[PDB]
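Comments concern the structure below.
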Amino acid sequence: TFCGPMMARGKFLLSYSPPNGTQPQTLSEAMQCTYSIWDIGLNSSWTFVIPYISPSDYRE
Amino acid sequence: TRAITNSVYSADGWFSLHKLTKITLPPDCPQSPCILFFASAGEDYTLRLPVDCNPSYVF
Amino acid sequence: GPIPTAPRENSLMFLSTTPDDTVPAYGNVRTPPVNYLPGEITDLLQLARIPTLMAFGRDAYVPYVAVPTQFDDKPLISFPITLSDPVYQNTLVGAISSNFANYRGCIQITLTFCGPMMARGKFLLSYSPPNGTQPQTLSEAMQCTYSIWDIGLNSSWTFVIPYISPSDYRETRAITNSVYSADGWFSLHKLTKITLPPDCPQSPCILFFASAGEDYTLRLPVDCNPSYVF
Amino acid sequence: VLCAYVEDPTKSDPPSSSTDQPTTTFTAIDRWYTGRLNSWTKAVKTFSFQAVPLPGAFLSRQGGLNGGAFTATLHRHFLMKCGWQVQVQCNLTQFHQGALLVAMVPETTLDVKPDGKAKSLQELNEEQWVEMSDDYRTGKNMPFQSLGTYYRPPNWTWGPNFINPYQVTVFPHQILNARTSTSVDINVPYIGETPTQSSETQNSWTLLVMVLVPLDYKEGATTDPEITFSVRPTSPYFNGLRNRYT
Amino acid sequence: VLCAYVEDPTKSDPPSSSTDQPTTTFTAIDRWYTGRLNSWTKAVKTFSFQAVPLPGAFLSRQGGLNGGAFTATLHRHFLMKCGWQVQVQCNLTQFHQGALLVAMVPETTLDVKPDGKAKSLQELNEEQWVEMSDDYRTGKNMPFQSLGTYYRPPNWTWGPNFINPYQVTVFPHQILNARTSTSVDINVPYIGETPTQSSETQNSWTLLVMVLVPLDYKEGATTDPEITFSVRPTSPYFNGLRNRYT
Amino acid sequence: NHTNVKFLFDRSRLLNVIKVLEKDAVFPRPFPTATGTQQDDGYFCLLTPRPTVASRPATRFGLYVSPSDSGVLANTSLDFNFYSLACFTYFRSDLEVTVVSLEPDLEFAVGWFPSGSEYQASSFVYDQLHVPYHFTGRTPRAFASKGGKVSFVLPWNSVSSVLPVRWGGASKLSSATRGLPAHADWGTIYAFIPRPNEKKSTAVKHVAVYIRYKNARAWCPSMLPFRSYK
């Protein structure tokens, strides 16, 4: 939920990464993972569904 | 079709090949590759009004 | 064989207004379409019929007529009905039609009382035919063609000036145009003295227009006056 | 509502000078844009007009005319193609007399200093009402070309973006009389030499408030009516998406 | 297989400039003719081409291009009319980058010394790759006429058998990329100003291997790929039987 | 139907009196032009009713009142018979050009190049004679007889859909490019004597360019120029 002013305009990138050996930091490292581009347009509220990718049916 | 400006202020547009992720070139394969560019026309490309050409190819 | 042609006496003559085409030099050109533009003027009588402002000497002339509170037996304004008269130079009747040679129709003066809302009164609108002396008296105005304009529901009156002429068309750049003088006279007279309420301004202004009637027709284009550019 | 040249100025096809999808809308299209305009007093002479260029007003913010997310959509698209819809209000009471002429003039340069480039916002506050001089009648103040030191500079005596001030009622217009109405309603479609013009540098229409009869009111009565306006684009078609204009 | 200008370049009627039966075949027509061509190294600049004239290669034996019993049929007939079918191989590995342009250029004089008659076989080994200079771009090396001592020799600035090196992809061509293919397959029909040209003196096509991107490989990796080719005439029509050419 | 727009502008009228080329021209360099630029002035007729200066589209129209010696005078053209009857904003029509000689028994020839193209300005040496590159081209170079008149109809070639009679935008960026349309022209013509440059004479031969607007179409009703009251 973007709680900024109404006339703000911009884009956000929302990158979920799978568990890698080192945390992704670079935006180039964020594009290669699962992403979705959230604009401050009509969408002042974005629900990014984090996927379930796991080698077991359930997780501790 | 022979005009630098052609329109409002400047230069009619800009194609720009950007690199997005940093390019993984394998070792024992050469660094600094080359991208070769072409320039064709679309299927809806149309021309009009033949003019006398530039004869400065012959000098 | 050859077709035996005898060329006429006007051979190799470029006439300016020849009603015929010429050789195309750079043909087969598909022009870009103009379906998107609205309001195509097919005919310039679509703009003689649009009411545009007149001018009045009191190069700073005045489109309205001031209405002094002095009741008087003389016209409040009386301009002659001639399309070369300088109360028509910057209309669209007298600016389109001055570049032609003949006209036929009804000039349509649209009035607009720009005074306050609670004004009450009557106006008399006397068009006169061209007489030897201009009518001034309101008694001389009743005997002509008149119509009484009240400040009631009618804060805008369109007095259709009739077309009375000994010829089918009229010379459109001529002071005289006819028998002795000046082609007619519209004259806005005040009939009853005008009740303006206090704490509302005295001396109102009546705004005059000049359109053309639905039967207004023009003829014979002439070379215009190029003295707008100096 | 004085529609211009058509029954419905909202009807507008996409431009035929593009190969991409037009951005037909933005985040608030059913709202107006209200801006101030200078007050009309007794000292305003006859034919002293005041021009509001469209869409020149959304950029320079003439009279607080904040464009919201229409200016921020016009700056992010190259070609723009809309039909305007203005609404000038002015609280004419019974105690006033006079008549404004609110028109939508096609393709004029009335915001241009008869002696330079384009007007600022301070210089629109100094003069308050542009007097119809010999320059605006003859078009002698649309900006002259810099010919250079080679060509002798000619005596510029005429320019085709004049105002003939007695003929402004040919445009889409309503007369803001003292005793018929208090507000006008003009709705115009898109016009232009191309099927869509530019965004930063187009002046296809111009809101024009011209004093036909000078304001007169009694002393102590209602004084100096304010003039507002409300511009609202009807069916825009933005082409050429790019970043914000520099 | 990049067919040229038709669906089937094998379809070919007999020539209409003869009154005799054409020798439509010879003793081995379903076989190729493999010849060497100079190896492509790092020092080869951009646009340095290498032309193989057809049927100029069967006679001069450019790169061991032995014509078998096609050269010995071409020498025993006056008019010859065939459509060619070339196949340039070059063992591009993963360890190379670069791109050849194998084309079949119609009617050019690229085997001609920009300074004389026709090239020998030793001079094709000295230079190894013909650099695209100002002469080959302007056509200034197709052989000038011996005007004689009478006429003052003009300054020859242009000749219509040029190469515009940036436009060679208009011809029947396949780009021998480093990572799409390793060999090209071009099949062209007969062309010519006459329905059949001569045999000893025709150059209706020209195999043309042009370096678009210069070869780069890491040191110690796979080095210097060889270029072979395989010319094979499709449906020839030999007219004018006579003895062996002198 | 003499007020018909397709009928009213469908007649020949003068545009410009341009000088006839006798060598390979140098097209006038764009504005601003500094002194000392060797070029050929006033030899080109930019075929447009809008005001021009130095054969390029101008914002205003300007003539000379006291043409003194310092500086190079500029051929400024305007269609006087157009704007006095151009009560509209846009105007697309197919141009008909007629080039009448103003020199007794002149053999001239009329080049042309479309809206947006440019003059080809050099010369090739044919037979030790400098023949310029405006004798050839894919554009119409009509040739006149000795004492004849060149006439052809040109299409609406420009990339604009219509020609703005009144324009308020900016072609390039602002600060004195307001009201200056760039692509409002049917092209440009120029007269040249069809002899090579070693036969360049000494006299300065003029020629006159007429204009007929075939198939006139006008849009968006607008004003007419202001007539003075003096």
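Residues of the range F:95-139 that are within 21 Å of F:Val17 (Cα to Cα) and of a type in the set (D, E, K, R): F:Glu96, F:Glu103, F:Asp105, F:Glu107, F:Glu118. What number of residues within the range D:13-53 are within 11 Å of another protein chain (Cβ to nearest Cβ), under 27 Å from D:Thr228 (Cβ atoms) and in a loop (DSSP other than H, G, I, E, B)? Qualifying residue count, the range D:13-53: 8.
Restricting the first member to the range D:34-48 and to residues that are charged (D, E, K, R), and the second to residues that are assigned to a loop (DSSP other than H, G, I, E, B), the beta-carbon pairs closer than 6 Å and six or more apart or on different chains are D:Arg36/D:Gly63; D:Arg36/D:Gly64. Scanning the range F:43-66 for residues that are β-branched (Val, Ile, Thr) and crowded, with 24+ Cβ neighbours inside 10 Å turns up F:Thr48, F:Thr52, F:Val53, F:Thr59.
Each residue in the range F:7-17 was checked for being touching a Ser or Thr at 6+ places or on another chain (Cβ under 8 Å) and either at the interface with another protein chain (Cβ under 7 Å from one of its Cβ atoms) or not aromatic (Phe, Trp, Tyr) (or both), and 5 of them qualify.
Report yes if E:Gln94 is surrounded by 20 or more Cβ atoms within 10 Å (Cβ to Cβ) and in a loop (DSSP other than H, G, I, E, B), otherwise no.
The answer is no for E:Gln94.
The sole residue among F:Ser174, F:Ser161 that is surrounded by fewer than 19 Cβ atoms within 10 Å (Cβ to Cβ) and either closer than 26 Å to C:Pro19 by Cα or within 12 Å of another protein chain (Cβ to nearest Cβ) (or both) is F:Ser174. Being under 18 Å from F:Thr59 (Cβ atoms) and not polar (S, T, N, Q) is a condition met by no residue of the range F:204-220. When the range D:189-229 is filtered for residues that are within 14 Å of chain F (Cβ to nearest Cβ), among the aromatic types (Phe, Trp, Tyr) and assigned to a strand (DSSP E or B), only D:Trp205 remains.
Given the condition surrounded by 15 or more Cβ atoms within 10 Å (Cβ to Cβ), away from every other protein chain (no Cβ under 14 Å), at negative phi and in contact with a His (Cβ under 6 Å, 6 or more places away or on another chain), answer yes or no: does some residue in the range C:131-149 qualify? Yes: one or more hits.
Just wondering, is there one or more residues in the range C:64-75 that are closer than 30 Å to F:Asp10 by Cα, in contact with a strand residue (DSSP E or B) (Cβ under 8 Å, 6 or more places away or on another chain) and not hydrophobic (A, V, I, L, M, F, W, C)? No, every residue in the range C:64-75 fails to be closer than 30 Å to F:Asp10 by Cα, in contact with a strand residue (DSSP E or B) (Cβ under 8 Å, 6 or more places away or on another chain) and not hydrophobic (A, V, I, L, M, F, W, C). Residues in the range F:22-77 that are aliphatic (A, V, I, L, M) and farther than 20 Å from F:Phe192 by Cβ: 8 in all. Screening the range C:150-230 for strands (runs of 3 or more DSSP E) wholly inside it with 1 or more residues that are over 30 Å from F:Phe7 (Cα atoms) and either within 14 Å of chain F (Cβ to nearest Cβ) or hydroxyl-bearing (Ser, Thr, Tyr) (or both) returns the ranges C:158-160. Looking at the range F:54-102 only, could you name the residues that are assigned to a loop (DSSP other than H, G, I, E, B), over 30 Å from D:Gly192 (Cβ atoms), more than 7 Å from every other protein chain (Cβ to nearest Cβ) and of a type in the set (A, V, I, L, M, F, W, C)? Passing the criteria: only F:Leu102.
Each residue in the range D:141-188 was checked for being within 23 Å of D:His96 (Cα to Cα), within 7 Å of another protein chain (Cβ to nearest Cβ) and of a type in the set (S, T, N, Q), and 3 of them qualify. Taking the conditions exactly as written (under 30 Å from C:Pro197 (Cβ atoms) and either hydrophobic (A, V, I, L, M, F, W, C) or in contact with a helix residue (DSSP H, G or I) (Cβ under 7 Å, 6 or more places away or on another chain) (or both)), does D:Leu212 satisfy them or not? Judged against the criteria, D:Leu212 is a match. Within the range C:105-119, residues that are more than 7 Å from chain D (Cβ to nearest Cβ) and surrounded by 24 or more Cβ atoms within 10 Å (Cβ to Cβ) have Cβ atoms under 8 Å from residues that are part of a loop (DSSP other than H, G, I, E, B) and charged (D, E, K, R) in these pairs: C:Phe113/D:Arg179, counting only partners at least 6 apart in sequence or on another chain. Inspect all residues belonging to the range F:103-110 and state whether any of them is more than 13 Å from chain B (Cβ to nearest Cβ), out of contact with any helix residue (DSSP H, G or I) (no Cβ under 6 Å at 6 or more places or on another chain) and among the β-branched types (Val, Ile, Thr). Yes, there is a match, as at least one residue in the range F:103-110 is more than 13 Å from chain B (Cβ to nearest Cβ), out of contact with any helix residue (DSSP H, G or I) (no Cβ under 6 Å at 6 or more places or on another chain) and among the β-branched types (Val, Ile, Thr). In the range B:13-59, the residue that is farthest from the chain's Cα centre (by Cα) out of those that are among the acidic types (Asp, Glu) and surrounded by 10 or more Cβ atoms within 10 Å (Cβ to Cβ) is B:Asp28. Within the range C:193-206, not a single residue is over 28 Å from D:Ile163 (Cα atoms), of a type in the set (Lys, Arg) and crowded, with 20+ Cβ neighbours inside 10 Å. Filtering the range F:208-230 to residues that are farther than 21 Å from F:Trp156 by Cα, more than 7 Å from chain C (Cβ to nearest Cβ) and surrounded by 19 or more Cβ atoms within 10 Å (Cβ to Cβ) leaves F:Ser222, F:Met223.
Quickly run through the range C:66-104 and pick out the residues that are among the β-branched types (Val, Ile, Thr) and either in contact with a helix residue (DSSP H, G or I) (Cβ under 8 Å, 6 or more places away or on another chain) or buried (at least 20 other Cβ atoms within 10 Å of the Cβ) (or both).
Keep residues of the range C:66-104 that are among the β-branched types (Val, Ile, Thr), which gives C:67, C:69, C:77, C:81-82, C:87, C:91, C:93, C:96.
Scanning the range C:66-104 gives C:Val67, C:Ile81, C:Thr82, C:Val87, C:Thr91, C:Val93, C:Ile96.
Scanning the range F:5-13 finds one or more residues that are out of contact with any strand residue (DSSP E or B) (no Cβ under 7 Å at 6 or more places or on another chain), outside any loop (DSSP other than H, G, I, E, B) and surrounded by fewer than 20 Cβ atoms within 10 Å (Cβ to Cβ). Counting residues in the range D:64-76 that are crowded, with 19+ Cβ neighbours inside 10 Å and aliphatic (A, V, I, L, M) gives one or more.
The selection criterion, being touching a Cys at 6+ places or on another chain (Cβ under 9 Å), outside any strand (DSSP E or B) and closer than 30 Å to C:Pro221 by Cβ, holds for C:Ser98. Whenever a residue of the range B:27-50 is within 14 Å of chain F (Cβ to nearest Cβ), its partners that are in a loop (DSSP other than H, G, I, E, B) and charged (D, E, K, R), lying with C-beta atoms within less than 9 angstrom and at least six residues away or across chains, give the pairs B:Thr46/C:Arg30; B:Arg48/C:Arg30; B:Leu49/F:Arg138; B:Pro50/F:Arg138.
Read-outs: derived from the displayed coordinates by stated rules, not from any lab. Reconstructed Cβ throughout: ideal geometry from the backbone, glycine too, with neighbour counts over all protein chains shown.
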